[PDB]
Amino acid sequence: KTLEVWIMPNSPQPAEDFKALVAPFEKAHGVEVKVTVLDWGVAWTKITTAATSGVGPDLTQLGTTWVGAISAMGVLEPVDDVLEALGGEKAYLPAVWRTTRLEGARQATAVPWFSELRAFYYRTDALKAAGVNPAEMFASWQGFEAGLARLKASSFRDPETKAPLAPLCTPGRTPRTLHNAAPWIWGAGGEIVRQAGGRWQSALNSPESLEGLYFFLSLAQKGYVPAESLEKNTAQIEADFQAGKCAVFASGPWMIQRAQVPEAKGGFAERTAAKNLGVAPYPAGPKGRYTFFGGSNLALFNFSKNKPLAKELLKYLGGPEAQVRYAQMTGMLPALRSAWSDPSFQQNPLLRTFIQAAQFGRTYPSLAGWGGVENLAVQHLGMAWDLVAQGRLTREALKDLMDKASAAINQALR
């Protein structure tokens, strides 16, 4: 007997970490667990192929944003019995509870595995040379621009690159997701889709949503983001934060874990970045503080022939002990609220800011169509980055792009 599980690269040796995690399960149950690791760029397609063909694992990891769309295909086993065993609705942040199901659906089709949310890493050394107070830089949108202007005029140079630092690094390539932009949209009072009149519509083109996007993209148009970042994707901008080219960069909590790991083992501990590492939450916008709150869930294909064992492995992976163990390996946060108290998370000062930032965690609605919305958003957003790369993003050019993304998104939804 072999359980087949699919995971994404959640830690530097993802398959080994996962196998070490489930070994007590294997012994207690006298079964073997076979792990496949799919990269984040293709995971969506091979998972969707598995759902359409009925050929695949027992369990798969899903990004919290995917659960809506796979559940709607009617390929996932109810796990209301697993969630019940784990403590039920009371044992999660509503931010996590909303991702166990298709929005509006009767029954849970996903168990929360881990959580993650976005904040700003900075270089403690570089802000201190600019004479920038991080409590003021990251307090509001004026604070931030003031932070970046001072960071741009600083004579500071990285010890190892003996070169000045990019003030903000963010990617300008067509994004995979609105993960980077969403907090700007939200903090301006805006949103990506809106529920009204018994329908979801695009709000990408609202005054609020454009205010947020333009504020964010125009930072790049004012020389806070160097041209070279406009041509890179998330993973490139992250190597560059690690190799000492950027003073400020928005990411998830895993980069705290990787900073303690040697470059050989898939981290950056030897880098200066790692020795001089700060975290601050997104600054408050005109209409609130928000950050993108996400993570991954586990779901059982209803065409699995190992559904009993696969539920005990769900109950295993979702329960306090394996919750603690895997968050430590991956540098993510447990999904189960009780596991957040562990001193491993509480007494790590950088991970503490992510934990306090989580009060302002916001999520995407779990709509069957959510992938289709996000894909059209990001396509249009990519055409906005290309105008920034010309110095040609104006308010009206951005309105025009988002009125076109809203026309296509509306069609998709209706």
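So that there is no doubt, residue numbering starts at 1 and follows the sequence shown. In this text, rigid core is short for the largest set of C-alphas that superpose within 1.5 Å between two forms.
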| item | value |
| --- | --- |
| Positional deviation of Cα atoms in 6 other deposited structures of this protein after core superposition, greater for 96-104 or 121-129 | 96-104 |
| Positional deviation of Cα atoms in 6 other deposited structures of this protein after core superposition, greater for 80-88 or 152-160 | 80-88 |
| Between the two ranges 110-118 and 200-208, the one averaging a larger CA B factor in the entry | 200-208 |
| Of 298-306 and 219-227, the stretch whose C-alpha atoms average the higher B-factor in the entry | 219-227 |
| Selection from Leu333, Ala322, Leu165, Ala250 [criterion: highest C-alpha temperature factor in the record] | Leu165 |
| Largest Cα B-factor, entry values, listed residues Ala139, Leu317, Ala182, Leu76 | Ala139 |
| Ranked C-alpha temperature factor of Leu351 among modelled chain residues, by third | highest |
| Chain-wide C-alpha B factor ranking for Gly172, given as lowest, middle or highest third | lowest |
| Chain thirds of CA B-factor: placement of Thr52 | highest |
| Relative C-alpha B-factor of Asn133, binned into the chain's lowest, middle or highest third | highest |
| Where the record places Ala28 (Cα B-factor, split into thirds across the chain) | middle |
